[PDB]
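What's in coords_36.txt: compact mmCIF, N, CA and C atoms
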# COMPACT_ATOMS: atom_id res chain seq x y z
N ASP L 1 7.10 -4.56 14.30
CA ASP L 1 8.11 -5.47 13.72
C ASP L 1 9.40 -4.70 13.59
N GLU L 2 10.50 -5.42 13.44
CA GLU L 2 11.79 -4.78 13.28
C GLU L 2 11.89 -4.22 11.87
N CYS L 3 11.44 -4.98 10.88
CA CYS L 3 11.40 -4.50 9.50
C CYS L 3 10.62 -3.19 9.36
N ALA L 4 9.49 -3.09 10.06
CA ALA L 4 8.69 -1.88 10.09
C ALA L 4 9.50 -0.74 10.71
N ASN L 5 10.01 -0.96 11.92
CA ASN L 5 10.81 0.03 12.63
C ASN L 5 11.97 0.50 11.76
N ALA L 6 12.67 -0.43 11.12
CA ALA L 6 13.79 -0.14 10.25
C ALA L 6 13.41 0.88 9.18
N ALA L 7 12.29 0.65 8.50
CA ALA L 7 11.80 1.62 7.53
C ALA L 7 11.50 2.94 8.24
N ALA L 8 10.80 2.90 9.37
CA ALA L 8 10.45 4.09 10.13
C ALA L 8 11.70 4.85 10.59
N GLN L 9 12.82 4.14 10.76
CA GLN L 9 14.09 4.67 11.20
C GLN L 9 14.94 5.19 10.03
N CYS L 10 14.47 4.99 8.79
CA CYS L 10 15.11 5.45 7.57
C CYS L 10 16.53 4.90 7.45
N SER L 11 16.70 3.59 7.64
CA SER L 11 18.02 2.96 7.62
C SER L 11 17.98 1.66 6.84
N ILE L 12 18.86 1.59 5.86
CA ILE L 12 19.17 0.43 5.05
C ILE L 12 19.82 -0.63 5.94
N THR L 13 20.59 -0.17 6.92
CA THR L 13 21.39 -1.01 7.76
C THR L 13 20.46 -1.75 8.71
N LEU L 14 19.36 -1.11 9.13
CA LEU L 14 18.26 -1.79 9.79
C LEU L 14 17.39 -2.57 8.80
N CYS L 15 17.10 -2.03 7.62
CA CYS L 15 16.23 -2.69 6.63
C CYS L 15 16.74 -4.11 6.42
N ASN L 16 17.98 -4.23 5.96
CA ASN L 16 18.60 -5.52 5.68
C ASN L 16 18.67 -6.42 6.89
N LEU L 17 18.69 -5.83 8.09
CA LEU L 17 18.88 -6.56 9.32
C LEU L 17 17.79 -7.62 9.51
N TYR L 18 16.55 -7.35 9.07
CA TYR L 18 15.44 -8.27 9.23
C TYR L 18 14.43 -8.30 8.08
N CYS L 19 14.45 -7.37 7.12
CA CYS L 19 13.29 -7.24 6.24
C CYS L 19 13.16 -8.39 5.25
N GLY L 20 14.24 -9.12 4.97
CA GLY L 20 14.21 -10.21 4.00
C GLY L 20 13.65 -9.71 2.67
N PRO L 21 12.60 -10.30 2.08
CA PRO L 21 12.07 -9.82 0.81
C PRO L 21 11.65 -8.36 0.89
N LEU L 22 11.01 -7.96 1.99
CA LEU L 22 10.56 -6.61 2.19
C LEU L 22 11.71 -5.61 2.22
N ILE L 23 12.98 -6.06 2.23
CA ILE L 23 14.14 -5.18 2.06
C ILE L 23 13.89 -4.23 0.90
N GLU L 24 13.28 -4.72 -0.18
CA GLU L 24 13.08 -3.89 -1.34
C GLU L 24 12.11 -2.77 -1.02
N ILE L 25 10.85 -3.04 -0.66
CA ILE L 25 9.92 -1.98 -0.28
C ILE L 25 10.51 -1.12 0.84
N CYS L 26 11.33 -1.70 1.71
CA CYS L 26 11.95 -0.97 2.81
C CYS L 26 12.89 0.06 2.23
N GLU L 27 13.84 -0.38 1.41
CA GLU L 27 14.80 0.52 0.81
C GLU L 27 14.05 1.54 -0.04
N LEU L 28 13.03 1.10 -0.77
CA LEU L 28 12.23 1.95 -1.62
C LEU L 28 11.59 3.06 -0.80
N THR L 29 10.91 2.71 0.29
CA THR L 29 10.29 3.69 1.16
C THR L 29 11.35 4.62 1.73
N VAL L 30 12.46 4.08 2.24
CA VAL L 30 13.51 4.93 2.76
C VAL L 30 14.00 5.89 1.68
N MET L 31 14.15 5.46 0.43
CA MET L 31 14.47 6.36 -0.68
C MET L 31 13.39 7.43 -0.80
N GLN L 32 12.14 6.98 -0.75
CA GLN L 32 10.96 7.81 -0.90
C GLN L 32 10.94 8.95 0.11
N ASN L 33 11.20 8.66 1.39
CA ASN L 33 11.13 9.66 2.45
C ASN L 33 12.47 10.32 2.76
N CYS L 34 13.58 9.65 2.51
CA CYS L 34 14.87 9.95 3.13
C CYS L 34 15.97 9.74 2.09
N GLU L 35 17.23 9.99 2.45
CA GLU L 35 18.38 9.90 1.57
C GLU L 35 19.30 8.74 1.99
N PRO L 36 18.95 7.48 1.69
CA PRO L 36 19.79 6.34 2.03
C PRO L 36 21.01 6.26 1.10
N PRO L 37 22.11 5.60 1.49
CA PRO L 37 22.25 4.77 2.68
C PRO L 37 22.38 5.61 3.94
N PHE L 38 21.63 5.25 4.98
CA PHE L 38 21.74 5.89 6.28
C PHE L 38 23.16 5.84 6.84
N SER L 39 23.55 6.92 7.51
CA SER L 39 24.64 6.99 8.45
C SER L 39 24.02 7.54 9.73

Translate the structure described by the file into structure tokens.
Amino acid sequence: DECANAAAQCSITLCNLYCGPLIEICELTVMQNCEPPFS
């Protein structure tokens, strides 16, 4: 999925692109593994 890839890519800019509700767990995971907001 794109939402999955977005998290795997450590990007908020991808997270929001498709994750909808999962934006939260997406951003959360990206926080968890990485230093968002992605550039």

State, in Å with one decimal place, the distance from atom C of residue L:19 to atom CA of residue L:3. 6.0 Å

Adding 3 Å on each side of the box along x, y and z that holds all listed atoms of stretch 13-18 of chain L, could you give its centre and edge lengths in Å to one decimal, as lines of an AutoDock Vina configuration file?
center_x = 17.9
center_y = -4.2
center_z = 7.7
size_x = 13.0
size_y = 14.1
size_z = 10.1

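Rounded to one decimal, atom N of residue L:37 and atom CA of residue L:1 lie 21.6 Å from each other.
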
Give as a ChimeraX atom specification each residue that has an atom at most 7 Å from (10.3, 0.2, 4.7) in the file, counting only N, CA and C atoms. /L:3-4,6-8,15,22-30

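Here atom CA of residue L:36 and atom CA of residue L:2 stand 17.7 Å from one another.
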